[PDB]
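Since the structure comes first, as structure tokens, the remarks are kept for the end.
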Amino acid sequence: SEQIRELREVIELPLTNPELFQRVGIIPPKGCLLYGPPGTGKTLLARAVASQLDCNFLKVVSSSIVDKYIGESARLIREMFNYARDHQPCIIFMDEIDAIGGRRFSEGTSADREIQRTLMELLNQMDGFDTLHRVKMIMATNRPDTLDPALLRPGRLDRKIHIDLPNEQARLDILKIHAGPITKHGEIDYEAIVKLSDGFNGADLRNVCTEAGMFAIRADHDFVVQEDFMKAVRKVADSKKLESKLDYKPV
Amino acid sequence: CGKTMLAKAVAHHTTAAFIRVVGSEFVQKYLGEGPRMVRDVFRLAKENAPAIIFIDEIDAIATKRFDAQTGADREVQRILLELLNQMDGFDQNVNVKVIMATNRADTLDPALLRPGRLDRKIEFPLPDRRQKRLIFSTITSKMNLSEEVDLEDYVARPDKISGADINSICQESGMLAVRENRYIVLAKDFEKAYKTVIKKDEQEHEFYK
Amino acid sequence: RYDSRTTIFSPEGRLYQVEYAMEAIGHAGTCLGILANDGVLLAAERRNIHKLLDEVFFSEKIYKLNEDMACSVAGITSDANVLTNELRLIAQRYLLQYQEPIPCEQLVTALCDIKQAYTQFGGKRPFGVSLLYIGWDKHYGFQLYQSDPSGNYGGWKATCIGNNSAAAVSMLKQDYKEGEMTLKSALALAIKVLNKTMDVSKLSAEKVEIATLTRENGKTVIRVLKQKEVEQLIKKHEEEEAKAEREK
Amino acid sequence: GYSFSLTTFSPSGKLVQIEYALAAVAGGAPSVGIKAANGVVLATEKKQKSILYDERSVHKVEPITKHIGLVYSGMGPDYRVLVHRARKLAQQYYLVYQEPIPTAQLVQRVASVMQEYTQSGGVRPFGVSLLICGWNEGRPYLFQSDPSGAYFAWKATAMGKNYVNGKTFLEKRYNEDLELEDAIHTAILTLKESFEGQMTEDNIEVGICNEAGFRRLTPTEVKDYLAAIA
Amino acid sequence: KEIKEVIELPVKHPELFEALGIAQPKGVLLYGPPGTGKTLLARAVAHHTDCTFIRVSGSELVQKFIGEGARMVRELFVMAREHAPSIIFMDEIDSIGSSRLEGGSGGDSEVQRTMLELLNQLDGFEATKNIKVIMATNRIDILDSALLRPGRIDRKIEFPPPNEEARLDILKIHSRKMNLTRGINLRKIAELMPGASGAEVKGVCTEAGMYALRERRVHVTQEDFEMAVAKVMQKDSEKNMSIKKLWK
Amino acid sequence: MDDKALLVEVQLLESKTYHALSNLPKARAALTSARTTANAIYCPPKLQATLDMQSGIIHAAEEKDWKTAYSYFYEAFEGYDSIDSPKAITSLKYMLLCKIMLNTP
Amino acid sequence: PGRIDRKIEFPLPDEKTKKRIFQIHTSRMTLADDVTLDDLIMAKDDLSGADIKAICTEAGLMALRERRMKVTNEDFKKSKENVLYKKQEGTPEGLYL
Amino acid sequence: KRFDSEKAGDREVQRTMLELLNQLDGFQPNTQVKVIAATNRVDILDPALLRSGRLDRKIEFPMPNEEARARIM
Amino acid sequence: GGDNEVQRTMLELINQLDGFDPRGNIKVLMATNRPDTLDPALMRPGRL
Amino acid sequence: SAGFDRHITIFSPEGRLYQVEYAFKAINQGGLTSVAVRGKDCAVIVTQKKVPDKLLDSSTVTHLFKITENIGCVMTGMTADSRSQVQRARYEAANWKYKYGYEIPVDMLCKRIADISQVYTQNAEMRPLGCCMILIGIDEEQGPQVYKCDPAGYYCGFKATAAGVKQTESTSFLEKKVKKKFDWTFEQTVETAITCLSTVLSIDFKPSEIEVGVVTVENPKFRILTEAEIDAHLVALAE
Ligand SMILES: Nc1ncnc2c1ncn2[C@@H]1O[C@H](COP(=O)(O)OP(=O)(O)OP(=O)(O)O)[C@@H](O)[C@H]1O
Ligand SMILES: [Mg+2]
Ligand SMILES: [Mg+2]
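Chains E, D, I, H, C, X, B, F, A and G, in that order, are what the protein sequence lines are.
So the first sequence is numbered by the deposited numbering: it starts at 139 and just counts up by one.
So the second sequence is numbered by the deposited numbering: it starts at 210 and just counts up by one.
So the third sequence is numbered by the deposited numbering: it starts at 4 and just counts up by one.
So the fourth sequence is numbered by the deposited numbering: it starts at 5 and just counts up by one.
So the fifth sequence is numbered by the deposited numbering: it starts at 159 and just counts up by one.
So the sixth sequence is numbered by the deposited numbering: it starts at 160 and just counts up by one.
So the seventh sequence is numbered by the deposited numbering: it starts at 344 and just counts up by one.
So the eighth sequence is numbered by the deposited numbering: it starts at 294 and just counts up by one.
So the ninth sequence is numbered by the deposited numbering: it starts at 290 and just counts up by one.
So the tenth sequence is numbered by the deposited numbering: it starts at 6 and just counts up by one.
Here's what the structure looks like:
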């Protein structure tokens, strides 16, 4: 609830009101950095910004523009603006800002400026300095080992915000969303699920309600009994514990 | 210290064919593509008008200083050799100009630094006094400040500021009034925007001083 | 490769770590001693003569060591102070034992056995220091010796240092004297040799150093001669250039 | 690179790990030292990371004997080792000779201590350079050691960060004959060249040598000295 | 005059080497420090050769695909048989032609694959005639010891930095179209260069005339040169002195 | 000679009288030689503001640079802050004149 | 073996068959009677067969350089210098004895 | 991992690859034409190209532990 | 990139060696000098 | 970049060295935060406990460690390296009384601790004890003090102190806290020592989840607070 709105008017007020950007005069507010887990945050609260106007979305895979000689990439900048010119502030949704095929380490093998040959030219040429009609960019990625120290100026990552994985009570929010269109009795103590649940991931609590229906396929439950969710936590959360490579942090 | 801005300022009031090239997209893989991209620039340049070739950074590959008894370092070394061959090789005279920009210049090759190839050497200081006044004037000239809060109280400060961070101060106080719904800077935020960007001491672990 | 510790031969007799140390002394100072009847001399060069130093010792390259011997130095300064404090401590051990001064050869071999012993023992370093020797004894008189990082040595009549001033050895043979080896004939030879090798022209007196050793009434005084009489020695050689152009 | 270690040479030049140890000296706090006609002035820079740090707890100007002081530019944790070494070493002269040790004699011996950690290999060199002062036999002295083991005799110098700006300052500044009171005036004026924003009575810390012995200045005088005297 | 002996003389008068009874030379190497007239002498010959002149810079023989990056070198020299007298020139062989290194994922094979064809189209089963090569680069000791053999390159020609008599003549060429007033001595200015490159004499000539341009003046005095000497000539400016005295 | 601080006086005083005789480019060259001479002195503790005023004078005589010459006049007044009052009061005359001429009254 | 059955070394020559190298490459050139072939052979003991062909061509160029047809010892004194100055100074100093 | 070129080569394989990607997203996931795939090395495949509604279920095959070896023998 | 077309021929060899439709009476002999640098897909028994 | 000196303790080209500054992020696996506050003539340690099991006891959990009768400390970092650090602290505190005949100052003890942590950096071949130590004590003619020792061998005494995971958030609160000139009358100290940790961690803890060590000019003995009077100070701030 704090981050529905902290991202809202930092995008809304510059696009709705460009006239205050001549009452003092600076064009520059070009969006926040959404960093944290994968979870459901990257895809779902992007649709929370879609609540008023918004729409646009499109998609930025962060891969088809990152071709090496940037004479093509600068055309691949303005190729995406062929639809962003068709409107008012178009809202270029951008997925996996910092993600390449595989992993990204420091400056050794191909974990290099292949982003930053494109990336520092985007914030120059997409919007802000070279711009058209107060289009808004929304940076969002969760990996980033190497970054620009000049990215922290007002005009690239004007304000940053971190997404956290647990709440133990926004579980129950996301739980009752996924305990929605599934047939049951209303027999469910939903907090008795949550206290026995240890998932700590919003995308993986989606998997918990999925496997509880698999326990409902078991023993011929057209409904879902309250035991099936307790069966589901012991199957899903144990499968989460049995995976290695547990070092990931966005910078 | 305002390096690339000076290159952009030449491109307005010239009648040339300005060409800017980052010094990073030819240090890539695919052995042989690196030195050919140097040829692809100059064949495009010398076929054209009086032109300006602005190489952005060669703080990267610019220095021999050893014989590489390794692999994939002579490919690093030979791009300079291709750069020298089409800079002061044959005559190649008519109306080609080359501008480069780096950090500390003692690192790079002394073969580059002979005059006839790199005739001009220009050093950039930071924001000294009488130059903090001029940049504060011009940025706030095209900015509705409209107060009686004097800016020269921040001219006379120590903690020397790089010229890019002066641009960050005036834009941050623009955010630090509009976000609070003000149609004018009141310059009580201007103290906070000054104290924000000056804190780049990070951590340093309180160790090795 | 074979650039490991010094306790391993290359495939064929080429101790690479010893060769790396013997090339390091060419990028150092410049020292030379000359022939002399009834005397001997040393000559050195003042490096980094920047105007914010004191020189409180007024003797940097030269270290008077027993009573009638001194030495130059060339190489790593960290190893230089170790050897000089060791070498003075050899000569007093001999003097405590026999009540007679050390006769100028087996002092050198006493150090050269220490300098060798770091090439066979452990993973450390050889001494990266070569240095000269001047002295007088009862048996042979005035002498010159030349140390090496490997512990090898050798007597000489005129010698110098390498990659800095290896061309001076060609000049010492071309302007060689034998017999007519007085001190004033040798000091005129010294300022001429340092003129070409030190590439800074006109040879300011603050860049050089001259130390002598004579034999007077059985005392063997050792002179580190002051900067005032360096001046009239340089201007004598500057006069000889204007006299030599009369043939032109 | 060859380096990686201390007990072997490079095929071309010198020991590389000692050169890397000097890089930690240049990344330290700035310092300055000026030898005047009647005394030597030491002055250094001392800023806390926060307003919480008690400034009167750990000191920079540190006396060795009653006529010898010492500062540094490097890492303070390595600094406390060779200070305690130089204390006990200075007493060993006094137990033998019954005479206060001259300033040229410690630097023979303290540099031989910093010599010994450049050996072996299983050890690291220091990351600290020093400045040693004192007024023995009338004439005052000002020396400088290094982690390699060499030493000097300065008229005036400056270590730490931005030392090239302080050196070109002092090259244009330092004359031969001034008193100690004029020497502190140009020793804070060279600290103002590379310091941070505010300079209070707690940001600097200054010690002096008279012929009446070594003394470090309390902040009562240093406030009154920096009060509008440039 | 050595280049006349190897290029002009076999082309103009081949019957001399018939009567004398020796083979004719075909290999020229040019070396030295940078800025010592290595590329004028290519262009001066090419202006007066009365012959085919084939310019090959030493770095376009790699392309991007293996095998075709080599074979055009074989197609290069066989095209020189069409214009049957010819001179082919190399730019800056510090590229391909360096050293046969080891295998593994180190060195490079394809650099060697091109180099072996250069090693063989002039010294293979079929010896060529009336085709002469000129190679020019610095870094003499790091090109490979299979094309440095005197079956391949017959003339190795240095280019030392010019003398004080020679710095005067270089100064007269570039100050020819420059317009000097009077009371001006070029020999004094030539003595202000303790070992200049020779190519930086132009940098003095351009910057001295540049001082008159900012004054809206055509007159050039001796004061304009003496300010331009300190501008062009610089130093490394090795700071902190601890590096110097670690290495005394 | 070897003394330096007297050269900065005589280079600056000639740049007055070449400007006083209405020779603009020769006063420019005498001022530029005064700048590169004044870079190697202990302190020009008052002569800096004396130098910085006539940096603004000759720059104002171009009738082309009415912004940076204002900065030279202002630095000269800051050097004249209560340590030379007769030369300080005339400094306001020039810097206000440069702000009139910049059409910002 | 099975593929290659002979391995043949070609070492640098001796002081005996080197005479045959100088003899053949001085077949059809006007040779003055002052010369001795064994001067350059015995004094220096390092150099290839392709070195010797370069010496014979360089000494012939020295005769036209000072207006001559016959070739004397002074040609070979300057030629044996000028050819051999393309191989570096030395290896190690007098450690071994 | 698809890479750019200039001499065709792989520049028909992605037209065969994307046709597999276009058809698999071409129909709704109504279970009747379930698709099975199997590889030996994961690090060649395109991970962001599957990820949501494409080939999605991970069925790894570990090595037999102790008794699974004794069962197979 | 690299040896792409070689891998397509090499993997086609694998799927007609084991997989669906076993071959029956086809015996395969291979010989090499450098056995270390071969694919573990061929090192599996059932193929070799 | 790194490479060069990321296994053993040698220098990096121009920079520093990494194995010591990897011990600074070796504290954070404890998952804990400690706060020390000196405002006036008393001194307060506060540190939470984290008990994840009912079979786990209560008495054998406390990180408050009594060094001498007038010197107490608290330990962060990993657990096993912390207790061996305390064994040296208890040992050399008694050697001062034996050699020199009086009670050791709290200032002198952190010199003796950080010099032992110094040798492990200078000389190699021992892991350098990834834990942090905070001291309090009463000094005659000097008042109370708060000291911190570091794994690198650094020490500095300072008024308001945080450690563990949340230094940069708690010290940011305490810079704004200790800027006004309010007096610190032994409950102004404790209530700020609670509410700083209570808002940075965001716990506003239940009474049985912490520890509070104290020392005061009146009774200079080191004192661990009773659970009953911990509740008394907790009901004092929330009136
Ligand atoms: N002796 C000379 N006389 C006249 N001009 C010279 C002389 N030597 C060098 N130059 C000048 O130097 C430039 C040519 O450079 P040069 O022919 O020395 O190539 P180079 O510098 O040897 O090649 P590289 O840069 O790879 O070392 C020309 O501007 C030329 O006028
Ligand atoms: Mg730039
Ligand atoms: Mg050239």
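Built from N, CA and C at the ideal position, the CB exists for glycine as well.
* Asked: Taking buried to mean at least 16 other C-beta atoms within 10 Å of its own C-beta, is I352/F buried or exposed?
  -> exposed
* Nonlocal neighbours in the same chain, by C-beta distance under 6 Å from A41/G, ignoring five residues either side -> For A41/G, where only same-chain residues beyond five positions count, the Cβ hits under 6 Å are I50, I139, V151 and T166.
* Starting from the N-terminal end, write out each residue whose C-beta falls within a distance shorter than 6 Å of any non-hydrogen atom of ligand 3. => In chain order, the qualifying residues are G298/D, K196/C and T197/C.
* Asked: Helix, strand or coil: which one does DSSP assign to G243/D?
  -> In the structure shown, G243/D sits in a helix (DSSP, three-state: H, G or I).
* Asked: Between which two residues does the alpha helix (DSSP H) harbouring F175/C extend?
  -> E173 to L178
* Own chain residues within Cβ distance below 8 Å of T316/D, not counting five before or after -> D268, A271 and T272
* Can a CB atom of chain H be found closer than 8 Å to the CB of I242/X? -> Not closer than 8 Å to any Cβ of chain H, the Cβ of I242/X fails to qualify, so no.
* Coil, strand or helix - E66/H by DSSP -> In the structure shown, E66/H sits in a strand (DSSP, three-state: E or B).
* Asked: What residue does the beta strand (DSSP E) around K314/C start on, and which one ends it?
  -> According to the DSSP assignment, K314/C belongs to the beta strand (DSSP E) that extends over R313 to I315.
* Any heavy atom of ligand 2 closer than 7 Å to the CB of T213/D? -> Yes, the Cβ of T213/D comes within 7 Å of a heavy atom of ligand 2.
* Helix, strand or coil: how does DSSP classify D342/E here? -> helix
* What are the residues of the segment 391-403 of chain C that lie near chain I, defined by any Cβ-Cβ distance shorter than 7 Å? -> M399, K402 and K403
* To do: With DSSP as the reference, label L22/G as helix, strand or coil.
  => coil
* Quick one: give me the first and last residue of the alpha helix (DSSP H) that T126/G is part of. => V111 to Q127
* Under the criterion of a Cβ to heavy atom distance below 7 Å, does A348/C qualify as lining ligand 1? -> no
* Which residues of chain D have a Cβ atom closer than 7 Å to the Cβ of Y159/G, listed in chain order? -> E415 and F416
* Between the Cα of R93/G and those of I141/G, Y105/G and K116/G, spot the shortest distance and give me the residue it belongs to. => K116/G
* Asked: Which residue comes first and which comes last in the beta strand (DSSP E) that contains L147/I?
  -> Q146 to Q149
* Of all Cβ atoms in chain D, is any one closer than 8 Å to the Cβ of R132/G? -> No, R132/G lies away from the interface with chain D (no Cβ there is under 8 Å from its Cβ).
* Below 7 Å between beta carbons is the criterion; list the residues of the segment 23-52 of chain G that meet it against any residue of chain D, in chain order. => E26 and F29
* **Buried/exposed call for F243/E, threshold 16 Cβ in 10 Å** => exposed
* Give a single yes or no on whether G356/C has its beta carbon closer than 7 Å to a heavy atom of ligand 1. => yes
* To do: Following the continuous beta strand (DSSP E) through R226/I, name the residue where it begins and the one where it ends.
  => In the DSSP annotation of this structure, the continuous segment of the beta strand (DSSP E) that includes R226/I starts and ends at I225 to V227.
* Measure from the alpha carbon of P166/E to the alpha carbon of each residue in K322/E, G293/E and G340/E, then state which is nearest. => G293/E
* Compare the C-beta of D339/F with all C-beta atoms of chain A and state if any pair is closer than 8 Å. => Closer than 8 Å: no.
* Asked: Got a sec, what are the start and stop residues for the alpha helix (DSSP H) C115/I sits in?
  -> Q109 to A120 is the span of the alpha helix (DSSP H), which, as asked, contains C115/I.
* Measuring alpha carbon to alpha carbon, tell me which of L214/E, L153/E and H300/E ends up nearest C170/E. => Comparing alpha carbon positions, the residue from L214/E, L153/E and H300/E closest to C170/E is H300/E.
* Asked: Beta carbon of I292/C: closer than 7 Å to some heavy atom of ligand 1?
  -> no
* Asked: Would the beta-carbon of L293/D be found less than 7 Å away from any heavy atom of ligand 1?
  -> yes
* Nearest to residue 131/C (by Cα), restricted to the options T286/C, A202/C and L219/C -> Only positions 159 to 406 of chain C appear in the structure, and residue 131/C is not among them; the question remains open.
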